[PDB]
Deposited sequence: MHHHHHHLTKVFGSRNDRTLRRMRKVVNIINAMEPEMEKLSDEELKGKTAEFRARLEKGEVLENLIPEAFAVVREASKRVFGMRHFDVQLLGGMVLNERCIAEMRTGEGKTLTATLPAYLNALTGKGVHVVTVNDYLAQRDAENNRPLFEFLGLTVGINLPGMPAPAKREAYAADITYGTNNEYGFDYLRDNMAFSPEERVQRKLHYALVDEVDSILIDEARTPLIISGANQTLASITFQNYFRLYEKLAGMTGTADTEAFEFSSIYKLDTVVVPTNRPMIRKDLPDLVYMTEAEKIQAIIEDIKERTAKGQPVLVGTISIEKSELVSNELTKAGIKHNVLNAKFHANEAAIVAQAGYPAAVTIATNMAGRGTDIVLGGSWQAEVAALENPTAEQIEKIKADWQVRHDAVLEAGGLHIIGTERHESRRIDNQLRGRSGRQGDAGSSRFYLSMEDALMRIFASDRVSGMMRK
């Protein structure tokens, strides 16, 4: 309430400062910029306050980013970074740029030398992120490691050896369980847990409250993140159980504002008597908007209903797509194009979570699909796509339709978010069923 305000206003000013250092940093040469880290390390080494070089450090990361990726951190992203450095939960909507916002607090912390642990929901994302978030990090003179399941102890010492590490909550935890069952300390792959930046905190710290089972026993990984000196998370959904975050991990939730006004239209739930009445009113809806030239993603609670709705959808003569959270790699390729004017995708709970759905398709997947990277063909794609885009927009952007509400609204909010991002005009609808009286 007035608390979220005073706290946002609080650092909102520190944000203004960062923007003031922009004309300066804009001048420092590449070598002078890169070497900005040495200075920060010395400064800190001299015992200077951690949270003291935040405005200056964040100003650097923005600059490097703008130079390496050509992406200037939105001040709202800076706002988010700051929250991520305080044992807070920065809530930022889907499409807001959490992936890049983390380079900020991950850079500030990756200076002391203790390492930084960015957590993700799955292996594909963890590596994917590290992969294309690395150039910014290698520029600023840091090393990025990727921790995965089948990595021999040697490799894992490497991935945890870097200044910045990426992995999934499980593997990190599993490594910790395995390090305790270690022969000799020199056989351990981790180090003293320092800072953990959790991407999709709710998913990781709340839904993953469902114990794993050893077979016969069962344990949880709840407390694993409480062993970290610094624990911080980010998500596009947190205010729901915003109380549980502090009752366990003592994490204060800060709802960051969006960059561009959120104009997506969340339509009222239409209730039907039978499952058939539902699935039929939706295939009738997609089939409709389809012609209109508007893309539409469908969400299902489980593969179960996902399969069923898939056939009922192909039966009405409709070429759709299905993602069951099995092949993240490939699903991701597909979800990244569900923004094409004529596109229908059926995703499950954690189907293509993590891939930004650009209105009108993603031309980058188009250019990366041409052995001949010439500034000529790209133009007839970066401008060709541009057409499909504004077209899809005029057509009300992306429309998602929940086949059913989850036990937790938070969950069936993650679905909505896949739409109307970075200011995009889109819409969402939920189709409930009376027959769901179970």
Please give the gaps, as residue ranges numbered from 1 in the deposited sequence, where no C-alpha is present.
1-12, 228-233, 457-471
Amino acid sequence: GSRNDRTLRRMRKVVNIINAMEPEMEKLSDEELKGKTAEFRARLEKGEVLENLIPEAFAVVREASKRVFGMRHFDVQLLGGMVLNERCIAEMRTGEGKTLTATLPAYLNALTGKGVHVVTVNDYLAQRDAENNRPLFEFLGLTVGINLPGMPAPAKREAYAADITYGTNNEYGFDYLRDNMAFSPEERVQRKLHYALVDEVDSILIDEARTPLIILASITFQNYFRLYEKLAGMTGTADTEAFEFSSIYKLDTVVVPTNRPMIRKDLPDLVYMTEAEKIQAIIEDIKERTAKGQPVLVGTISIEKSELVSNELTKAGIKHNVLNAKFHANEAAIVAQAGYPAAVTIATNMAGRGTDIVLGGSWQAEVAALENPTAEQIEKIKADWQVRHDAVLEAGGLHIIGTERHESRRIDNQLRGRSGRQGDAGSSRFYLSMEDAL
From here on, numbers count along this sequence of modelled residues.
Would you tell me which stretch averages the higher CA B-factor in the PDB entry, 113-121 or 325-333?
325-333
Mean CA B-factor: is it higher for 289-297 or for 173-181?
289-297
Checking the entry, which one of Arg72, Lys319, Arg264, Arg93 has the top C-alpha B factor?
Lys319
Just to confirm, going by the entry's C-alpha B-factors, which of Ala369, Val68, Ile411, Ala59 comes out highest?
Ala369
When the deposited Cα B-factors of this chain's modelled residues are ordered and cut into thirds, is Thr220 in the lowest, the middle or the highest one?
middle
How does the C-alpha B factor of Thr235 compare with the rest of the chain: lowest, middle or highest third?
lowest
When the modelled residues of the chain are sorted by Cα temperature factor, does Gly167 land in the lowest, middle or highest third?
lowest
Could you place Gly339 in the lowest, middle or highest third of its chain by Cα temperature factor, using the values in the record?
highest
Third of the chain's Cα B-factor distribution that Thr345 belongs to, per the entry:
middle
